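In structure tokens, the next block holds one chain alone, the form deposited in one PDB entry.
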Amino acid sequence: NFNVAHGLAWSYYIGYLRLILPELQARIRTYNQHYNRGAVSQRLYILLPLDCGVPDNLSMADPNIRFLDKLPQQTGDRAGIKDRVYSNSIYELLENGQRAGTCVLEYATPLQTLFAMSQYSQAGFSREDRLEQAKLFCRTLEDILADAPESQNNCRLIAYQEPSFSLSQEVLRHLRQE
């Protein structure tokens, strides 16, 4: 099942990142000018927990990550679905009670597929293989984005293992660099 994470990464690129990354800066600029608090950063920040533990509510993983607003939606006809909607959420990052950064932030959803596959007996995906597939997912995606025309300093991958751990501090480190 090595080809499992491989295909999921290509799917994530083909069916999502390549479609939304080109329009992202315009959506952010629209938000910055129309519905606004400091400036939203210019990159999509993608969280890649190698334990494939992907909560649906980000504030649950860390209270210092607080939902601010939704980006204006992106829509288009997709595979027979009229006006399919692509949604992204903006988060504020707090640090000792100060707003320290603002960004479009989400988990890489395919890591949730890896996790659920490892739970379903019919998937033939060993629970022991979650970390290995997660790593391959990250490496594949990294190699894809390194060479993708739509990636132009508008995407940032954040991969990490928890062994304390501060997810907000991990994100702020990448924001600081930018």
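We number the residues from 1 along the sequence you see. Heads up, when I say rigid core I mean the largest set of C-alphas that superpose within 1.5 Å between the two forms.
Per the records, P72 is modelled in every other compared entry, just as the shown structure includes it, so no third of them leave it out. Missing-residue comparison: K82 falls in the unmodelled set for a third or more of the other PDB entries checked. Unmodelled stretch separating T30 from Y31: none (count of deposited-sequence residues without coordinates). Taking only CA atoms, the mean B-factor in the PDB entry is higher for 169 to 177 than for the other of 169 to 177 and 3 to 11.
For the two regions 63 to 71 and 45 to 53, the entry's Cα B-factors average higher over 63 to 71. Within the group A39, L141, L111, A123, the record's highest C-alpha temperature factor is found at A39.
The form deposited in another entry exists for this protein as well; it is not shown, and the discussion that follows is about that form.
Relative to the superposed rigid core, the position of the CA of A61 differs between this form and the one not shown by less than 2 Å.
When two forms of a protein are overlaid on their rigid core, residues whose CA moves 2 Å or more are considered shifted, and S126 is one of them between this form and the one not shown.
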